[PDB]
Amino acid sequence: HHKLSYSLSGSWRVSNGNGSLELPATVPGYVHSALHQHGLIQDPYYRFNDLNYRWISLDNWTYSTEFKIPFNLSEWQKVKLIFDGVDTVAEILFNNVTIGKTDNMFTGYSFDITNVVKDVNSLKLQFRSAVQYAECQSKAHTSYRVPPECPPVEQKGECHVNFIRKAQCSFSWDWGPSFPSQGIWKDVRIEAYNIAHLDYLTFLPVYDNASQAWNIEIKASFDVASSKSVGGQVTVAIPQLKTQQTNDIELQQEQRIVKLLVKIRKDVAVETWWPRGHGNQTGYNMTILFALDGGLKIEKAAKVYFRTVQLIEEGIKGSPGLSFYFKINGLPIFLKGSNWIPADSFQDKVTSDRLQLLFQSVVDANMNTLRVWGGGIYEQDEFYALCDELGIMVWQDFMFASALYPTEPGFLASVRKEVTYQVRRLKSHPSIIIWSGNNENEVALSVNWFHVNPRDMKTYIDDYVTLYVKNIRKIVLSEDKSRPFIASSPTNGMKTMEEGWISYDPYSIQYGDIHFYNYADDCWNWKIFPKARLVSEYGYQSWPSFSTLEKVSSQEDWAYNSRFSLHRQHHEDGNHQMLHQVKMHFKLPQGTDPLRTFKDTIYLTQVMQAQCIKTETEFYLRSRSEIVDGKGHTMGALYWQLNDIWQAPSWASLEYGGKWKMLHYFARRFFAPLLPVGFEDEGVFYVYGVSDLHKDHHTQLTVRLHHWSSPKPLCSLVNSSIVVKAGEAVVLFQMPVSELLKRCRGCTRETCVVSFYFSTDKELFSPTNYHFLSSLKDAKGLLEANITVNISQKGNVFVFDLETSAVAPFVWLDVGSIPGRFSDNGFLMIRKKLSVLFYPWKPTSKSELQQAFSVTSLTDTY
């Protein structure tokens, strides 16, 4: 009865520095999106507007609103103004009184406005340019430089992002633009109360190996209205666990924290939470009721999920060092997923509908893990709710990435609030399986990426320990010991800590995790890849589809090396690197029409990307059970990257807008729970079996060769004594290449293709796989394919019946910007006739699909 809360989200005003511009502005919102919405600017993502609209990011904008409170001041002891998120630096004026300032995008702010609030009020947030602010802070830091000061020229970005607590990629990245905007990016509320006010509540389900029982630690902080002592009770209730518990509490200005420990009666069984493909995502409804002196009731509901996570760094026989793998509820689980980056330059456009769609694509790719990479944001509430409900594990970076950071007291003060706020906000989600202090900054110092003078290295080392160990780690462990903490990615884990927090070689495959990139060598040669304990990053670049590019480009831009394309490419020499890897096994597009060449080159970079990451992922998949030359037991593959922040060449499998690249289709296939993977070593074709299943599985391995001439198997080897143990990888086939060809007369490396598959239940997804005996640019007898398609509707799905004149590799179906994705794409089409489905994301029609449809195969490019 003594509490009142309502949102100030809605229609505000926004105005620029000198007041010339003034327009309506939605909150939550950003200046750029307000200007675009009001028709005052073009789409910022159009062509070169990241350069043309620089002035927006450099001015100082003010968000203003006038409102009439819906309550009587004289009836309330205290009134507060609460911000869930402000981006980033702003002075806050309430009725022309400065009530506070902000400097951190990732922390909530609370301001007492009891003495300044009136019946009619004016609220102004006077933002400061993030770019200008970051530069001034860099200047003030005279005692020494903090690198990197400016980004590479090919990123077309802004300097000194490490000096502002804001999304570190907002000043540009090697796949993202520089639109460092200003805005109120989360909800704003007025909250009045008597007696007490719940500042925050956090909880943590833990398992006591001692008691063999489940508990829930709860912590709540209150702001008490007066100097008197508030009493009351608290009842925590979980009905579906026959659990209920009531305790006495008392609150005072200097004793404002409540701590409870609810024990779950062992009489009842507690179903645990599991990642997708390894169990149920079951949780339990919970309520927390505060009944305080004077009729004040404060209830909070939450969903409780019970699961245990262990980072196991144990010894391995014959493999020097330590393992690095995750046990969920005691079961070792191979991490399968990708790295998540911000889905937009402006967070107000990452709607619930976009997110749910993106998580459907993550699910349909047979992923169970996402890394929230530390150059993005601490993600919005619904991200982690979706992870919990769908069973996606989260590798959670803190928002520090590929940079050194100051330890000036004001900055550290800012960081402490942020980390404290976010850990309390996030620690109750079962999806989060590990805390990670930063991205790649242990490497940056160990290798001296920024070429610091070895005379000043000690300064930066101490700054590193100060930030990630003495502040971030200390805060995390003081809140949460249910999860492992690493200081950086990649790291050597316990070995890094032993070595003083900056390892001698953080890229060691004998400890911790690694990131691995390589653009020079043949991606088909799996020997280039490290047989590491866990691969948290690895990627190849490709261009997004023409449909995605068309929306932010014009006719004259549609060439691989046009001014526009080189502008969007933010990775040093990425266009050449991508072609270099294409040439490795494919013919470059030869054609007369430049637009056709443009589209065909895109297709080939997505072909190169998909096949490269397929080869690389499968290598990690097969290395999970074996040791070879003292290396192995790979227990995770998270490729860089899942998604795009805008239309540009990147490592993503999901183009900006959600459209699947060919990589994503390959991802759905190589992340299956049961998979045969083929490769060669010194002239011997091998086939391992890979299992994520919990029971040993017995199946039948068929192997076949096919001449490019027609889909007739020149042989059919069928071992039916196949057993893959639970969650393991094991060699199931082995033969010389000469012996393999002779047993299939009429086959050359340059004329035949290998194919293999298991025979599965209809309740188990184990797709076809294949292997190429030579570069396709050298394939002989490759008949020119001529594929015919008949489109039809069946319920909410559309059916695509195909027919090919020849064995067509990398058949690619494309319906432009029609929102949706196919049941399968980019596949090797041995058969003559196949059928795939199309899943629309908005209502479409067979006519629309026919008009936009196009099919491509490898031979169409030369």
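All residue numbers refer to positions in the sequence shown, first residue = 1.
Here 455-463 and 706-714 are compared by their mean Cα B-factor, and 706-714 comes out higher.
Higher average CA B factor: 561-569, of the stretches 561-569 and 175-183. Of the candidates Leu732, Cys136, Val423, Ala532, the one whose C-alpha carries the top B factor in the deposited record is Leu732. Between the residues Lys481, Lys228, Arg354, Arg128, the entry's highest C-alpha temperature factor is the one at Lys228. Ranked by Cα temperature factor within the chain, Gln37 sits in the middle third according to the deposited record.
Per-chain ranking of the deposited C-alpha B factor places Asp43 in the lowest third. Among the modelled residues of the chain, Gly29 sits in the lowest third by CA temperature factor in this PDB entry. Residue-level temperature factors show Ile645 in the lowest third of its chain, judged at the C-alpha atom. When the modelled residues of the chain are ordered by C-alpha B-factor, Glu498 sits in the middle third.
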